[PDB]
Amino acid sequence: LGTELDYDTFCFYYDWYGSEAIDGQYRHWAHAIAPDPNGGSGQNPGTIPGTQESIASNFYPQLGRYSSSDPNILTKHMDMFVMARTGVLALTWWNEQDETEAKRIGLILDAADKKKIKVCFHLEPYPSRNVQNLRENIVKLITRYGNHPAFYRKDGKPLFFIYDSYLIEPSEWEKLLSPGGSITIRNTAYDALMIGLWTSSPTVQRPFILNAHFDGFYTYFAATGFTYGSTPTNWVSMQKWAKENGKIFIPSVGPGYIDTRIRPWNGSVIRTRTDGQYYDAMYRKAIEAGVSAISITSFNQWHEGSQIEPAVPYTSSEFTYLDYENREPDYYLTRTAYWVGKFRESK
């Protein structure tokens, strides 16, 4: 029918939103404003309070200041994934080690399974992250969630994305990811496809990925040109290298970027949506590169204005929000479905 989910399409999902009613605080809708890293000492940038009128986004959610732990919001999000045809929810994971995290992960898996959506984990740069506690955490996540019907596998293996994987030396990664490594996961119950973050130039990233024994790489950033890896004119050559070296390239595409409510000094990274034309151009480049899998930045990174989740026009006494302009609130979901179709036609 051209409506089925695609299980090689990964959409980055954030579960860090709170409401006073459910979480005791409108978590993340309230957010600190970052000081300007070039702007000198004694800045008092303040905070966005997460009131109805003033939230930590340049856009405004159709669903309002929602809780990521509200089962009724989760239902709606899964129906949005079905509309977008995105079969894998790539869940931010911060190793909070608290009952609230454990509850929310279970609720997300349960809601996903009702709609045949799958869940994989996006392993964030949590405090003191290293290959030993990464192994322990991979073991824990596979043990706790690996038998859940919504847990993702690709050809029998779990898949993890590793954000800011460059913060760990290749010599450490080798211990975890080479078949001969001291603490290897290869050939164990806990083996997985490990997808590292390709940032800078090939002279740096090619030996990094090889020496670290990653199974593949992704690029994350929604803003074209932010890094070498997030410059789509490089994607044909990145794919050629991947294929020559037995690696899985999962380029990241997004609909735009803007984070100036929380980073007022970061305007150079703004990428305008142009009624969908930015998203179309980036998704076309991914497909043309001939890749096997695509990642989407993001479902709901509202702070960075990369979300495909529905947004609505809103002007409050405190801020005039951006919105989807000439397009309807669900335009980026239905346009994602269009591109998933073009991607499948290519596979």
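Quick note: we count residues from 1 along the sequence shown, nothing fancier.
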Pick between 198 to 206 and 89 to 97: the one whose mean CA B-factor in the entry is higher. 198 to 206
Which of 251 to 259 and 230 to 238 has higher mean CA B factor, as the PDB entry lists it: 230 to 238
Reading the B-factor column of the entry, which of 186, 77, 129, 114 has the highest value at its C-alpha atom? 114
Can you tell me which of 309, 304, 280, 288 has the highest Cα temperature factor in the record? 288
Determine, from the deposited record, the chain-internal third of the Cα B-factor for residue 168: lowest, middle or highest. middle
So where's residue 337 on the chain's Cα temperature factor ranking, which third? middle
Going by the entry, which third of its chain does the Cα temperature factor of residue 61 land in? lowest
Mind checking which third residue 68 falls in for C-alpha B-factor across the chain? middle
Entry-reported Cα temperature factor of residue 149, expressed as the chain third it lands in: highest
